[PDB]
Structure formats: structure tokens, C-alpha cells
Amino acid sequence: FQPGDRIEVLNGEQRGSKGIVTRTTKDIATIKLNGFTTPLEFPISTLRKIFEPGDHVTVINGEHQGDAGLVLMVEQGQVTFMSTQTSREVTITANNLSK
Numbered sequence: 534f535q536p537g538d539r540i541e542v543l544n545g546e547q548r549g550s551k552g553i554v555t556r557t558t559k560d561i562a563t564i565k566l567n568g569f570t571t572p573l574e575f576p577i578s579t580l581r582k583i584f585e586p587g588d589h590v591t592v593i594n595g596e597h598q599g600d601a602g603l604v605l606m607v608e609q610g611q612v613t614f615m616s617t618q619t620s621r622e623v624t625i626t627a628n629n630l631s632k
């Protein structure tokens, strides 16, 4: 994750909360959650990126690494984009993508 990334929390007391990364080490991301007045720290595995249709992404990790395109739909961490390499829809889990 990078500062500025929008994420959601997947587990623990803040599960379902959404916010923005302000700070990250390799193992701990500090997030300013929507509504909360100061930032909180989370282990990286508890977080997931939030994309939206109209975002543009590249695949950073897995079998489709290097594929890229315009995001068309997003459903619970499954992100579908229009591939610039094949002009077909490809769906990839959110944490394997980067804006």
C-alpha cells in the first residue's frame, strides 16, 4: 500500500471501515478512517484496496502481471477492467492492482 491509497478494513473491531493510508512500513499501515479523528495502525493483511469504475490500473502481482486498463466494475474486492492488451474484460483481486 502507498500513502493516499483508499482501503477497507477486512477484520477486527474496525471491520468494514473505509479510509486512506497515511503511512506504511513493510508490515504496518497507518490509516485515517472515514469519521475517525486520528489514524490507526493495522497489519497489512487486514486491508484491501478500494477501486471504482473509471479508475485506471495495472496488475502488479500474479499471472496477469503487466496487464492494465480502465476499471469497469468492482465487487467486493474483485475488480474488472478492460485490458489494453486484449480489449477483453479481465477480473483481478484488488490488492494485485495499482492505480
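So the sequence shown is numbered by UniProt numbering: it starts at 534 and just counts up by one. The beta carbon of each residue, even a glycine, is placed where N, CA and C say it ideally should be.
- In this model, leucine 605 and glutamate 541 are separated by some 19 Å (Cα to Cα).
- Distance from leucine 580 to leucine 630 at the Cβ level is roughly 14 Å; contact not present, criterion being Cβ atoms closer than 8 Å.
- Per DSSP, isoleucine 540 is one residue of the beta strand (DSSP E) stretching across 539-542.
- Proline 586 is bridged by DSSP to nothing; it lacks a bridge partner.
- Scanning its chain for C-beta atoms nearer than 6 Å, with the 5 sequence neighbours on each side dropped, one finds around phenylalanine 534 the residues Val554, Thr557 and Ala562, in chain order.
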